[PDB]
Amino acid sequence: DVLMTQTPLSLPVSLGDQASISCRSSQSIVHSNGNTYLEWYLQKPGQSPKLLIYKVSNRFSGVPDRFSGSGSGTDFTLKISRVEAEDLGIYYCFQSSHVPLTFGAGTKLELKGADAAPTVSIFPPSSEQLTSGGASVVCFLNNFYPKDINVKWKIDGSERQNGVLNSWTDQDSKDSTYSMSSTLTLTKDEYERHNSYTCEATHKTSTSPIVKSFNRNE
(Lines of atoms letter the chains of each structure in order from A and count residues from 1; the text may use other names and numbers.)
(Lines give C-alpha, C1' and ligand atoms only; values in the text may rest on other atoms or scores of the structure.)
Protein backbone atom coordinates (compact mmCIF):
# COMPACT_ATOMS: atom_id res chain seq x y z
CA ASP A 1 0.00 0.00 0.00
CA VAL A 2 1.05 3.61 -0.49
CA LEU A 3 1.71 5.04 2.96
CA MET A 4 0.70 8.68 3.42
CA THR A 5 2.63 10.25 6.30
CA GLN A 6 1.31 13.53 7.71
CA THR A 7 3.51 15.82 9.82
CA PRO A 8 2.65 16.97 12.41
CA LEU A 9 -0.25 14.84 13.69
CA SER A 10 -1.26 17.62 16.07
CA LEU A 11 -0.86 21.28 15.17
CA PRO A 12 -1.66 23.88 17.84
CA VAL A 13 -2.24 27.37 16.42
CA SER A 14 -3.52 30.76 17.46
CA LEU A 15 -6.38 32.23 15.42
CA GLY A 16 -4.89 34.29 12.60
CA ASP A 17 -1.67 32.22 12.41
CA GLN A 18 -0.39 30.72 9.15
CA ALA A 19 -0.49 26.90 9.28
CA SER A 20 1.16 24.23 7.15
CA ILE A 21 0.69 20.44 7.06
CA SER A 22 3.12 18.07 5.31
CA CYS A 23 2.02 14.89 3.54
CA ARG A 24 4.77 12.60 2.24
CA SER A 25 3.85 9.52 0.20
CA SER A 26 5.93 6.34 0.12
CA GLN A 27 5.75 6.33 -3.70
CA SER A 28 5.08 9.07 -6.23
CA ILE A 29 1.41 9.98 -6.65
CA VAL A 30 1.93 10.64 -10.36
CA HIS A 31 -0.50 8.47 -12.35
CA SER A 32 0.21 7.05 -15.82
CA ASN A 33 -2.12 9.69 -17.31
CA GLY A 34 0.18 12.43 -16.04
CA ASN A 35 -2.11 13.74 -13.30
CA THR A 36 -1.24 13.60 -9.61
CA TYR A 37 -4.36 12.54 -7.69
CA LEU A 38 -3.61 14.03 -4.30
CA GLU A 39 -6.65 15.35 -2.43
CA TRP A 40 -7.13 17.08 0.93
CA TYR A 41 -10.22 16.66 3.15
CA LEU A 42 -11.35 18.36 6.38
CA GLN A 43 -13.48 16.51 8.91
CA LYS A 44 -15.22 18.53 11.59
CA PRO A 45 -16.89 17.08 14.70
CA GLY A 46 -20.19 15.43 13.75
CA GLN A 47 -19.68 15.89 10.01
CA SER A 48 -18.69 13.84 6.99
CA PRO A 49 -15.32 14.77 5.52
CA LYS A 50 -15.41 17.70 3.12
CA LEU A 51 -13.24 18.21 0.03
CA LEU A 52 -10.77 21.10 0.09
CA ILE A 53 -8.21 20.49 -2.63
CA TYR A 54 -7.89 18.07 -5.56
CA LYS A 55 -5.01 17.24 -7.91
CA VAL A 56 -2.50 18.69 -5.46
CA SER A 57 -3.36 22.36 -5.75
CA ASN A 58 -6.84 22.91 -7.22
CA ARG A 59 -9.20 24.44 -4.69
CA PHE A 60 -12.72 23.00 -4.74
CA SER A 61 -15.58 25.42 -5.47
CA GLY A 62 -16.73 27.13 -2.27
CA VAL A 63 -13.52 26.52 -0.36
CA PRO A 64 -12.09 29.79 1.02
CA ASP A 65 -8.97 31.17 -0.69
CA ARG A 66 -6.97 30.99 2.55
CA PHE A 67 -6.55 27.28 1.70
CA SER A 68 -3.93 26.16 -0.78
CA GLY A 69 -2.13 22.99 -1.73
CA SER A 70 1.25 22.44 -3.29
CA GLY A 71 3.94 19.90 -4.05
CA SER A 72 4.72 17.11 -6.48
CA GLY A 73 5.89 13.52 -6.59
CA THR A 74 6.03 12.37 -2.99
CA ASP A 75 6.03 15.72 -1.17
CA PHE A 76 2.85 17.72 -0.58
CA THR A 77 1.75 20.59 1.62
CA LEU A 78 -1.59 22.06 2.72
CA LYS A 79 -1.30 25.68 3.76
CA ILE A 80 -3.80 27.91 5.58
CA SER A 81 -2.81 31.56 5.22
CA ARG A 82 -4.63 32.66 8.35
CA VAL A 83 -6.41 30.16 10.59
CA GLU A 84 -10.05 30.87 11.45
CA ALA A 85 -11.86 29.12 14.29
CA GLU A 86 -14.09 27.27 11.80
CA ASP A 87 -10.92 25.68 10.37
CA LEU A 88 -10.26 23.65 13.52
CA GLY A 89 -10.72 19.97 12.87
CA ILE A 90 -8.91 17.01 11.33
CA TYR A 91 -7.18 17.31 7.95
CA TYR A 92 -6.48 14.26 5.81
CA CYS A 93 -4.42 13.93 2.70
CA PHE A 94 -5.56 11.22 0.32
CA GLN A 95 -4.12 9.60 -2.78
CA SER A 96 -6.35 8.05 -5.43
CA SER A 97 -3.66 7.17 -8.00
CA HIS A 98 -2.86 3.70 -6.65
CA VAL A 99 -4.97 0.82 -5.36
CA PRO A 100 -5.75 0.73 -2.50
CA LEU A 101 -6.69 4.39 -2.28
CA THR A 102 -5.13 5.63 0.96
CA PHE A 103 -5.54 8.43 3.49
CA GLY A 104 -2.98 9.94 5.83
CA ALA A 105 -3.61 9.42 9.54
CA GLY A 106 -5.15 12.86 10.06
CA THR A 107 -3.65 16.07 11.46
CA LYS A 108 -5.67 17.72 14.23
CA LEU A 109 -5.61 21.51 13.89
CA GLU A 110 -6.14 22.66 17.48
CA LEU A 111 -5.89 25.82 19.59
CA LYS A 112 -2.85 27.00 21.51
CA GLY A 113 -3.52 27.90 25.11
CA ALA A 114 -1.47 28.68 28.20
CA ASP A 115 0.35 25.75 29.80
CA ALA A 116 -1.76 24.44 32.70
CA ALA A 117 -1.19 21.68 35.26
CA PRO A 118 -3.75 18.89 35.59
CA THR A 119 -5.99 18.66 38.60
CA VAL A 120 -5.79 15.02 39.66
CA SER A 121 -8.49 13.26 41.69
CA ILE A 122 -8.58 9.59 42.67
CA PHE A 123 -11.67 7.63 43.78
CA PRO A 124 -11.95 4.22 45.41
CA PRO A 125 -14.67 1.75 44.48
CA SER A 126 -18.02 2.83 45.85
CA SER A 127 -19.67 0.75 48.56
CA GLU A 128 -22.45 0.08 46.06
CA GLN A 129 -20.02 -1.38 43.55
CA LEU A 130 -18.27 -3.45 46.21
CA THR A 131 -21.56 -4.94 47.40
CA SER A 132 -22.41 -5.63 43.77
CA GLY A 133 -19.12 -7.51 43.49
CA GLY A 134 -16.75 -5.45 41.32
CA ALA A 135 -14.01 -2.86 41.92
CA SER A 136 -13.18 0.14 39.71
CA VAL A 137 -10.64 2.73 40.75
CA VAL A 138 -11.11 6.00 38.87
CA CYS A 139 -8.64 8.85 38.34
CA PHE A 140 -9.52 12.18 36.68
CA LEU A 141 -6.77 14.34 35.22
CA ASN A 142 -8.58 17.57 34.42
CA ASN A 143 -7.98 20.86 32.61
CA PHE A 144 -4.38 20.57 31.49
CA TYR A 145 -2.41 22.02 28.56
CA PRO A 146 -0.68 20.82 26.41
CA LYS A 147 -2.42 17.51 25.78
CA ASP A 148 0.73 15.42 26.25
CA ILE A 149 0.55 13.58 29.57
CA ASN A 150 1.58 10.29 31.16
CA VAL A 151 -0.48 8.39 33.72
CA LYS A 152 0.95 5.56 35.83
CA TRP A 153 -0.93 3.40 38.33
CA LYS A 154 0.71 1.78 41.33
CA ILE A 155 -0.77 -0.84 43.63
CA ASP A 156 1.08 -1.25 46.94
CA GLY A 157 3.82 0.89 45.40
CA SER A 158 4.29 -1.32 42.36
CA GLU A 159 3.41 -0.36 38.80
CA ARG A 160 0.15 -1.80 37.46
CA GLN A 161 -0.75 -1.79 33.75
CA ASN A 162 -3.30 -4.56 33.34
CA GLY A 163 -6.91 -3.42 33.61
CA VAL A 164 -6.28 0.26 32.89
CA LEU A 165 -8.38 2.08 30.30
CA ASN A 166 -8.05 5.77 29.45
CA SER A 167 -10.50 8.22 27.85
CA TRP A 168 -10.07 11.84 26.67
CA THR A 169 -12.34 14.83 26.13
CA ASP A 170 -11.99 17.07 23.14
CA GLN A 171 -10.27 20.40 23.62
CA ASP A 172 -12.29 22.59 26.02
CA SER A 173 -14.43 25.23 24.34
CA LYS A 174 -13.87 27.73 27.16
CA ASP A 175 -10.15 27.57 27.97
CA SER A 176 -8.61 25.20 25.39
CA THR A 177 -7.47 22.66 27.97
CA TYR A 178 -7.75 18.87 27.82
CA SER A 179 -9.03 16.33 30.34
CA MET A 180 -8.69 12.58 30.68
CA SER A 181 -9.95 9.73 32.81
CA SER A 182 -7.93 6.67 33.75
CA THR A 183 -9.80 3.73 35.23
CA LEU A 184 -8.29 0.65 36.84
CA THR A 185 -10.80 -2.22 36.78
CA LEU A 186 -10.09 -5.07 39.18
CA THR A 187 -12.07 -8.01 40.39
CA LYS A 188 -13.23 -7.54 43.99
CA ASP A 189 -10.95 -10.46 44.84
CA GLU A 190 -7.95 -8.59 43.39
CA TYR A 191 -8.97 -5.36 45.13
CA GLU A 192 -9.13 -7.13 48.49
CA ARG A 193 -5.53 -8.37 48.10
CA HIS A 194 -4.03 -4.89 48.03
CA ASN A 195 -4.00 -1.77 50.20
CA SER A 196 -2.61 1.34 48.53
CA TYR A 197 -3.81 2.61 45.18
CA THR A 198 -2.01 5.44 43.40
CA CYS A 199 -2.54 7.49 40.24
CA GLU A 200 0.53 9.42 39.09
CA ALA A 201 0.50 12.08 36.38
CA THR A 202 3.59 13.42 34.62
CA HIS A 203 3.14 16.64 32.65
CA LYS A 204 5.55 19.31 31.44
CA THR A 205 4.19 21.85 33.94
CA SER A 206 6.20 20.23 36.75
CA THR A 207 9.38 18.22 37.22
CA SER A 208 7.68 16.01 39.78
CA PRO A 209 4.70 13.77 39.08
CA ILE A 210 1.38 14.63 40.68
CA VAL A 211 0.63 11.73 43.02
CA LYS A 212 -2.81 10.94 44.41
CA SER A 213 -3.48 7.85 46.50
CA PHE A 214 -5.89 6.25 48.89
CA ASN A 215 -5.75 3.30 51.25
CA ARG A 216 -8.47 0.65 50.85
CA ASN A 217 -9.12 0.51 54.58
CA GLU A 218 -9.37 4.23 55.31
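Note that residue numbering follows the sequence shown and begins at 1.
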Check the entry's C-alpha temperature factors for 131-139 and 98-106, then say which stretch has the higher mean. 131-139
Comparing 155-163 with 65-73, the one whose average Cα B-factor in the PDB entry is higher: 155-163
At the C-alpha atoms, which of 58, 181, 32, 36 reaches the highest B-factor in this entry? 32
Going by the entry, which third of its chain does the Cα temperature factor of residue 114 land in? highest
Which third of the chain holds residue 28 when residues are ordered by C-alpha B factor: lowest, middle or highest? middle
What third of the chain does residue 176 rank in for C-alpha temperature factor, lowest, middle or highest? highest
Chain third (lowest, middle, highest) by recorded CA B-factor, residue given as residue 5: middle
Against its chain's modelled residues, does residue 205's Cα B factor rank lowest, middle or highest third? middle
